[PDB]
């Protein structure tokens, strides 16, 4: 009987102690629920950042695509200009030769015309002297 009463007291105190440890586990679960709520907020902010970065990459891709198209257009324009400059080098070089040839020919014709002018003066003077 004395043994019974002693053990029943121990059981009262052990049941109360177990119930306090169960309340402690409930507080640990509440703290885990707060960690999970915060993790979920962080996952939402990271989702927002990933949307923002993806938009920046998409926009940058479009600007690079526009630059590749502008470079192709400038390439077409320089491709068209280069052979026109090569052609003009040939045209002006051939014109230069023809201008030099004309300057030599006109100089020769002027000298020959001046020699014929003096020949006319000489011959008319001579004929006048015989008459």
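Positions refer to the first chain, counted from 1.
Original post:
Of 95-103 and 45-53, which one has the bigger average CA B-factor?
Top reply: Averaged over C-alpha atoms, the B-factors run higher in 45-53.
Original post:
86-94 versus 54-62: which one carries the higher mean Cα B factor per the record?
Top reply: Looking at the recorded C-alpha B-factors, 54-62 comes out higher on average.
Original post:
Relative to the other modelled residues in the chain, which third contains the C-alpha temperature factor of residue 73: lowest, middle or highest?
Top reply: Tercile = middle for this residue's CA B-factor.
**OP:** Using the B-factor values recorded in the entry, state whether the Cα atom of residue 115 falls in the lowest, middle or highest third among the modelled residues of its chain.
**Re:** Middle third by C-alpha B-factor.
Subject >> Within-chain third of residue 20 by Cα B-factor, per the entry >> reply: As the PDB entry reports it, the C-alpha B-factor of residue 20 lands in the highest third of its chain.
**OP:** Would you mind ranking residue 38 by its C-alpha B-factor against the rest of the chain and naming the third, lowest, middle or highest?
**Re:** For residue 38, whose C-alpha B-factor we compare with every modelled residue in the chain, the answer is the highest third.
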